[PDB]
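First up is the structure itself, then whatever we jot down about it.
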Amino acid sequence: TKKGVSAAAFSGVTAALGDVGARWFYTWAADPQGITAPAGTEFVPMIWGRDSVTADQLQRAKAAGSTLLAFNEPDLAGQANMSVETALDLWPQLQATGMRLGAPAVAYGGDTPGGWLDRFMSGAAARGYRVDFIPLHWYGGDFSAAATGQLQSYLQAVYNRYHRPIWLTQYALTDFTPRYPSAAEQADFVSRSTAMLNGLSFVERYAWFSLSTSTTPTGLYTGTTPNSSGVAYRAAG
């Protein structure tokens, strides 16, 4: 059990979750966003940005789970759009949930010295803060069977830098117009990447981006119908 999925509350979500065999899910929110999921599909709450850092939002998260994902893609202007200093300065409010705490999930550069995740993990340890595990994202631009090894190399480098277990909480082949793989390239990468992740013992969990093609053109399902990437993911774990 590592395999999960990001999900919007799209029409057919509960059937998709049951068909694909997600062992957990998240919604980019402090609660399941109207998603009904069976036992054996653990919900994992998230504080997405600077605006969800309020006693109400944190209370809600804490009612909903034992494990908390911090800010989503703070390194991107279009997402949490947050300085390292702001993330560390809020960190104590997230510690106050008492929940098992995942780092903010950078879109890029997690292995880069002086980069966003490096500076956050650096300051967190210097201040004596708690970062129980490191959510990561990965958007591969090489759409060949080489992508799996590239993700492997990224994952190993991050784990080597910080020595915390990893969740791969949002990954796909996508290059930023966004550029996309063929269906066959995508399905083969779903297949190869999940087999590699199943073997990577510091990776506790992974989640393809995303369950529904209504959320992202890299989606596994259209309504309750899996495409060939969804079939690979159903079979992945």
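We name chains A, B, ... following the order of the structure tokens; residues begin at 1 in each chain, and ligands are numbered from 1 as shown.
By only C-alpha atoms, and with residues fewer than 6 positions from residue 41 of chain A along its chain excluded, the set lying at most 12 Å from it is residues 1, 2, 3, 4, 5, 6, 7, 14, 16, 17, 18, 19, 20, 21, 22, 23, 24, 25, 26, 32, 35 and 65 of chain A.
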For the residues in that selection, give me C-alpha atoms as a short mmCIF file (atom, residue, chain, number, x, y, z; two decimals), in the first residue's frame.
data_model
loop_
_atom_site.label_atom_id
_atom_site.label_comp_id
_atom_site.auth_asym_id
_atom_site.auth_seq_id
_atom_site.Cartn_x
_atom_site.Cartn_y
_atom_site.Cartn_z
CA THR A 1 0.00 0.00 0.00
CA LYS A 2 1.53 3.29 -1.25
CA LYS A 3 -0.80 4.12 -4.21
CA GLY A 4 -3.23 7.06 -3.95
CA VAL A 5 -4.65 9.82 -6.12
CA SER A 6 -5.45 13.57 -6.06
CA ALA A 7 -9.26 14.00 -6.68
CA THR A 14 -16.65 7.30 -5.68
CA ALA A 16 -13.42 5.84 -9.89
CA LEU A 17 -11.82 5.52 -6.45
CA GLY A 18 -13.32 2.04 -5.98
CA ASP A 19 -12.34 0.90 -9.55
CA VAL A 20 -8.72 2.24 -9.41
CA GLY A 21 -8.06 0.85 -5.89
CA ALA A 22 -6.70 4.06 -4.38
CA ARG A 23 -5.44 3.23 -0.82
CA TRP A 24 -5.59 6.98 0.04
CA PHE A 25 -6.56 10.30 -1.51
CA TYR A 26 -6.29 14.07 -1.08
CA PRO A 32 -12.67 15.56 1.35
CA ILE A 35 -16.01 13.05 -1.83
CA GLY A 65 -7.11 13.04 9.65
#
Just want the 10 Å neighbourhood of segment 157-160 of chain A, counted on only C-alpha atoms, with same-chain residues fewer than 3 positions away dropped. Output as an NGL selection string. :A and (109-112 or 117-118 or 133-134 or 136 or 151-154 or 163-166 or 202-203)
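The neighbours of residue 225 of chain A here are the residues that come within 10 Å of it, using only C-alpha atoms and leaving out any residue fewer than 3 positions away in the same chain; they are residues 12, 15, 16, 19, 212, 220, 221, 222, 228, 230 and 231 of chain A.
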Save the residues we just selected, N, CA and C atoms, as a short mmCIF file (atom, residue, chain, number, x, y, z; two decimals), in the first residue's frame?
data_model
loop_
_atom_site.label_atom_id
_atom_site.label_comp_id
_atom_site.auth_asym_id
_atom_site.auth_seq_id
_atom_site.Cartn_x
_atom_site.Cartn_y
_atom_site.Cartn_z
N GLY A 12 -19.03 10.71 -10.46
CA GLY A 12 -18.45 9.36 -10.63
C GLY A 12 -17.21 9.13 -9.80
N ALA A 15 -17.06 5.82 -7.62
CA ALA A 15 -16.84 4.64 -8.51
C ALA A 15 -15.39 4.61 -9.01
N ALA A 16 -14.80 5.77 -9.36
CA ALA A 16 -13.42 5.84 -9.89
C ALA A 16 -12.47 5.34 -8.82
N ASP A 19 -12.88 1.61 -8.37
CA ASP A 19 -12.34 0.90 -9.55
C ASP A 19 -10.80 0.93 -9.54
N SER A 212 -9.23 12.46 -12.51
CA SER A 212 -10.22 12.80 -13.57
C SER A 212 -9.61 13.66 -14.67
N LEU A 220 -6.68 10.04 -15.33
CA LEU A 220 -6.80 8.56 -15.48
C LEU A 220 -8.20 8.14 -15.94
N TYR A 221 -9.25 8.85 -15.52
CA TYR A 221 -10.68 8.50 -15.77
C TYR A 221 -11.37 9.67 -16.49
N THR A 222 -12.28 9.33 -17.39
CA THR A 222 -13.38 10.20 -17.87
C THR A 222 -14.67 9.65 -17.27
N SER A 228 -6.29 4.08 -20.90
CA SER A 228 -5.25 3.03 -20.73
C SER A 228 -4.26 3.44 -19.62
N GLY A 230 -5.27 4.96 -16.70
CA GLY A 230 -6.10 4.52 -15.58
C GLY A 230 -6.00 3.01 -15.36
N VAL A 231 -5.95 2.24 -16.45
CA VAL A 231 -5.83 0.75 -16.39
C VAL A 231 -4.47 0.42 -15.78
#
Counting only C-alpha atoms, the residue among A:211, A:29, A:37, A:125 that lies closest to residue 57 of chain A is A:29
re atom CA of residue 209 of chain A and atom CA of residue 129 of chain A: distance 29.2 Å
